[PDB]
Amino acid sequence: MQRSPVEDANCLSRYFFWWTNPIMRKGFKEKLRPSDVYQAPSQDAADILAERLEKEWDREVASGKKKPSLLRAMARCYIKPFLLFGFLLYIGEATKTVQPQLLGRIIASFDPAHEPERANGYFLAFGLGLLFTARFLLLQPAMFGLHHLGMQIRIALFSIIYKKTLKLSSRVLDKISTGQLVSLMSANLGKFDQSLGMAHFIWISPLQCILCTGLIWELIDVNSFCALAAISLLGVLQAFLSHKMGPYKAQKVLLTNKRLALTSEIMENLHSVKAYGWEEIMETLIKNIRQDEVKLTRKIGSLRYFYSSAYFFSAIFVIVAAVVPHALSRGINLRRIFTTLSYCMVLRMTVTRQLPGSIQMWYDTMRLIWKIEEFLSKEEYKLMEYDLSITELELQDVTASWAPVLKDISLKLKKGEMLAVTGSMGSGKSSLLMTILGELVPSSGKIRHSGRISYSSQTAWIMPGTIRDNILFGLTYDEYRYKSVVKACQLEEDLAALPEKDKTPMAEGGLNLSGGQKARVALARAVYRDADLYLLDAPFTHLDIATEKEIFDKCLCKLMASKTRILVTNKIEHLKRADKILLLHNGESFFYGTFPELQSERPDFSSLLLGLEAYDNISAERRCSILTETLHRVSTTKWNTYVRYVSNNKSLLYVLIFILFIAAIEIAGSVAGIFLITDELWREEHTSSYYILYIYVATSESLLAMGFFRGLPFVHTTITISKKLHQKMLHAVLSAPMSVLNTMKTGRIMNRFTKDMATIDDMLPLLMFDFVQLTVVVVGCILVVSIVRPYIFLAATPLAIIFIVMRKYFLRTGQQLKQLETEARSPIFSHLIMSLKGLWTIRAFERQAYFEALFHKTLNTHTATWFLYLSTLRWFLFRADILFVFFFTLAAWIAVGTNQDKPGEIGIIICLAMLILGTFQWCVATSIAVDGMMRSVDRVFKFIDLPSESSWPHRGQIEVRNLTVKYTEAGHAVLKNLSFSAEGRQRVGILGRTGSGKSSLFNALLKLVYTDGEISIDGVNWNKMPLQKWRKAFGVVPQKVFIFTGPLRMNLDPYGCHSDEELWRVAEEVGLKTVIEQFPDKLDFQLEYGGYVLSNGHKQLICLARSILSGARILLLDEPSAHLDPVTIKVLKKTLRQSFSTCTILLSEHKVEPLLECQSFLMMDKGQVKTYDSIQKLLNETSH
Ligand SMILES: CCCCCCCCCC
Ligand SMILES: CCCCCCCCCC
């Protein structure tokens, strides 16, 4: 669409990345959008990437022998780029070995004997810088290349699995699990692609290690093996911790679910939780189960410190133990040490840093490739063989299995004729169609149908978009057909009713349009479609006496009756209309024919089936069950967000005060040592003396590293902040007003607790320690180098000031550019999940290519987004790395050319600078990862900032005059100036418009929306009684009652100050004792999963009890009739009378039978009220 600039790029511009400049600019000025970002390169296109690998895999399957392997397939054409970069990494890393030798010459140039050699001093230091630059230029493009290759791989690899998953055998589909299919492709996107770049190291590290170890001198002195053994013992020490981690993870991962599932319960039914008015027990209950999670997290975190720390303390341990044996014999020499130190730390890093990460990958990627290899071996859908036009379908003793599901069906169906089939709920209801379609395979028999076959399924689904797109669905628009079909489908009302008419957008499911309208548009496909055979499967789920006979009489008889039809339904009129009928019995045939023939077969069945007089008006589920019975019967980051994070725990400030002090002391001592010691070292030869300290001065990483007394409290003080910061959120969301809380719709609140809270709790505290640690090493190093050579400050100050500005520049565009990846990620799954549910239908209209094509475009958007980001980072790293060699070369070039006669201080300056490069890249690398994570905590603060909020003298009257709500929506019957004169201790009823916001009137009194007018308790305003004291009054018992996981003791009594006799005596008076007697442990029995296993009717009684436990003034009723029945209604009626006779009741009911019971009934419309006691005055308005 937008046309990408890399297409029209120059070899230099593409190498250094000149093309990002405008997109770098834009993002700094104005915020970016999906329309602004532009497409991927023509090379990187999913059609081109997949189609190649298809051919090369096809070759492996074509040569049909042994067992094809995708690794061997991909190898047929992915090596040419892989081995091209392969050398670049090796030659790019091999330059590191040369650096020691050139350092040694500078130590060889300078000593108290002989004059200070200038020429070599300068030109060899510069000559080092040449190699030092050369390392980057060769490594950078290769490193960036492998990411491009890794990205290029999986783009094909999702296409090749998707091609298969659209067409498999249907039997195996209900063997294979849903989570395995999704999670396999969900896990790979971010991790796999980035991970591929370090695979090469598997042979790089050994090839260097063997060369380095051999290149180390003192081969006669068997101590380089001891120096290797020092690296071995480090590996043992680390691995020992990895075993001790696992036991604690299993304890945490089990616990973390308990709160996460419970939060999902409590948050969804919040309206009740507030209506009862708890907010005290729900805190402490969560806090109690949190305790173990905090203890275990702390116990893990403190352990993990040593795993990171050991690497820092290693350098001094390995370096000393390597050299001090050589101290015994062979006197002492300075150029001997420095070279052997430099060679050590290369091998120390390359064995511990990346060698694990290389091996780590090949275990994963191969284990994953195994899963694809298994998956592609799975059995396939047999392609349709309808391509004939001899004669229509005729079967003969056909058997099938999923006790065979079908056993010897026989029907010689003649063309252009009508047919109907039905039976029990099972008994081969939906299966017989699948064999005609070709979804299920016939076990034995002869089935053969000519010409193309249409289909309409049981459960309908809607492709997201236009209505005509669903209806016409890969056809061309025409005059009459569409009109007559849409007219015949009973959508003439829905034609006029909708605003955009045919262009109305639809998505998600059945929220926008109703299940009835879904069932219409479902049928529209097959009715609009042209075919040789028509197959419907239970299209009349709805109980429409008009619609059923309208569409059956008008559409079929007039339009479709010339052509053949099969239908599954339960209507005697349709059965009597049909030419041929068929009845089943669990795979074996009951009978097929017509009622006149049936009268000469089973006259008792003929009569007793017909016995129901008013059969057409019976409910679908009812009459189906009657048939079932009778048949079987008969037969932007900010500076503040850090300040807030530190401001919680003061201990995080009080820990930082003395960890700064140690840096100044340990700097000062090294400055003193470098200045004071050196002269005596040279003077020693011309004893041990002070060489061993002079080693420790050089190892700046291991010098300023943090131990247990100095650094451990940092872990303790940080984790406490995540505990506190949790409380502030949970309390703030729980205690908040229902207005701004109502817009979000719980697809976002849980998301914070699931993902965002876990990353602040788990991944942050540890990750911060690196950022604190590494900065101290680099800052503390440079200053020691600075103090000795004053003019370094002028070299340092511009580069630092540049370096921060670069980061501010990259982050503003980058953070905005990155989120578009995570947004663009979501379509790819949504498109997969939806495609599975219509797998039967999507084949029937041969519409695979359309979806297979549509699938690519959702990838191409994502890969374009990703590719731009990934490069932008590569730029920043490259510019930042080059900016170091300036610092090195300037410092080095000036150092030797100083106003100082004594050059022995150079030996430190150059050596102690060279080692930082490894830490420098590593330090800036985390610097993005921290700053990105800091955006996540900011979301929690936004939630924390969200706004927030005795006796009755034997009385319980209510008459709230002048009540006006301020929600402005209540079923087109909003409360304005409301009033009623109902006496206390009287049962009351209520009515209004059919759909007048029946709920809103209740929660207006409970105060879950904005309200006006005074509301007095018999002359006692809320003035005295706050929101809790008010909510003590009303007894609520809604259609969706609230039960949570735990025992009935905890459900009935949250606070826990009621006696056992008190708990029983209320229960038996409510009428819920003998029903409970059957359960064990009195009332201590546990309930789970919302208490679904228990009975429906008693699930009200438990809440009705809860009110007697709670308080006595007023009760409410939100239409319980749907959850009521003859035996329950009478006890519910009588026990209520015996129980209360004090508190008022309000009952909203659309039915007439509830009107006979109560005293008075309101007939309420917007600004209109009326009610009377006596039946002549009461009923007259609502008589009809
Ligand atoms: C596409 C391959 C380009 C590699 C450039 C290497 C430059 C080496 C200069 C020392
Ligand atoms: C928000 C402050 C970030 C400080 C980064 C310091 C980097 C210094 C590199 C020499």
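The first residue you see is number 1, and the count goes up from there.
Each residue, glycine too, has its Cβ placed from N, Cα and C.
Feature list (source: Swiss-Prot):
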- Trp402, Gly423, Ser424, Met425, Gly426, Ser427, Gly428, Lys429, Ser430, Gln458: ATP 1 binding site (BINDING)
- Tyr967, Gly992, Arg993, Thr994, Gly995, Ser996, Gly997, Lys998, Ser999: ATP 2 binding site (BINDING)
- 83-353: domain 'ABC transmembrane type-1 1' (DOMAIN)
- 1-78: topological domain 'Cytoplasmic' (TOPO_DOM)
- 100-123: topological domain 'Extracellular' (TOPO_DOM)
- 150-195: topological domain 'Cytoplasmic' (TOPO_DOM)
- 217-224: topological domain 'Extracellular' (TOPO_DOM)
- 246-299: topological domain 'Cytoplasmic' (TOPO_DOM)
- 321-340: topological domain 'Extracellular' (TOPO_DOM)
- 716-765: topological domain 'Cytoplasmic' (TOPO_DOM)
- 812-872: topological domain 'Cytoplasmic' (TOPO_DOM)
- 894-907: topological domain 'Extracellular' (TOPO_DOM)
- 79-99: transmembrane segment (TRANSMEM)
- 124-149: transmembrane segment (TRANSMEM)
- 196-216: transmembrane segment (TRANSMEM)
- 225-245: transmembrane segment (TRANSMEM)
- 300-320: transmembrane segment (TRANSMEM)
- 341-363: transmembrane segment (TRANSMEM)
- 652-672: transmembrane segment (TRANSMEM)
- 694-715: transmembrane segment (TRANSMEM)
- 766-788: transmembrane segment (TRANSMEM)
- 791-811: transmembrane segment (TRANSMEM)
- 873-893: transmembrane segment (TRANSMEM)
- 908-928: transmembrane segment (TRANSMEM)
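Annotated features taken from Swiss-Prot, shown on the structure.
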residue : record             : Cβ neighbours (10 Å)
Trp402  : ATP 1 binding site : 13
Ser424  : ATP 1 binding site : 19
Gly426  : ATP 1 binding site : 13
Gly428  : ATP 1 binding site : 24
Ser430  : ATP 1 binding site : 12
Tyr967  : ATP 2 binding site : 18
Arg993  : ATP 2 binding site : 15
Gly995  : ATP 2 binding site : 11
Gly997  : ATP 2 binding site : 20
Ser999  : ATP 2 binding site : 16
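In this structure, the C-alpha atom of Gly995 (ATP 2 binding site) lies 38 angstrom from that of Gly426 (ATP 1 binding site). The listed stretches are 225-245, 300-320, 341-363, 652-672, 873-893; of these, 341-363 has the most Cβ pairs under 8 Å to the transmembrane segment (196-216).
Gap between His686 and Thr687: 26 residues not modelled, C-alpha separation 12 Å. A break of 22 residues separates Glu949 from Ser950 in the model, and their Cα atoms lie 20 Å apart. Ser999 (ATP 2 binding site) carries a helical DSSP state (H, G or I).
Across the topological domain 'Extracellular' (321-340), DSSP classifies residues as 14 helix, 0 strand, 6 coil. Here the binding residues for ATP 1 are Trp402, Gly423, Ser424, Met425, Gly426, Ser427, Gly428, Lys429, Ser430, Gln458. Their largest Cα to Cα distance works out to 19 Å. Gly428 (ATP 1 binding site) sits 45 Å from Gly997 (ATP 2 binding site), taking the CA atoms of both as reference points.
Note: the stretches the transmembrane segment (341-363) and the transmembrane segment (652-672) are not in contact (fewer than 3 CB pairs below 8 A, sequence gap of 6 or more). Ranked by number of Cβ pairs under 8 Å to the transmembrane segment (873-893), the listed stretches 124-149, 300-320, 652-672, 694-715, 908-928 are led by 124-149.
In this chain, the transmembrane segment (908-928) lies out of contact with the transmembrane segment (652-672); the count of Cβ pairs under 8 Å, excluding pairs fewer than 6 apart in sequence, is fewer than 3. Within the same chain, the transmembrane segment (766-788) packs against the transmembrane segment (300-320): three or more Cβ pairs sit under 8 Å, each pair at least 6 residues apart. Across the candidate stretches 124-149, 300-320, 694-715, the maximum count of CB pairs under 8 A to the transmembrane segment (908-928) is reached by 694-715.
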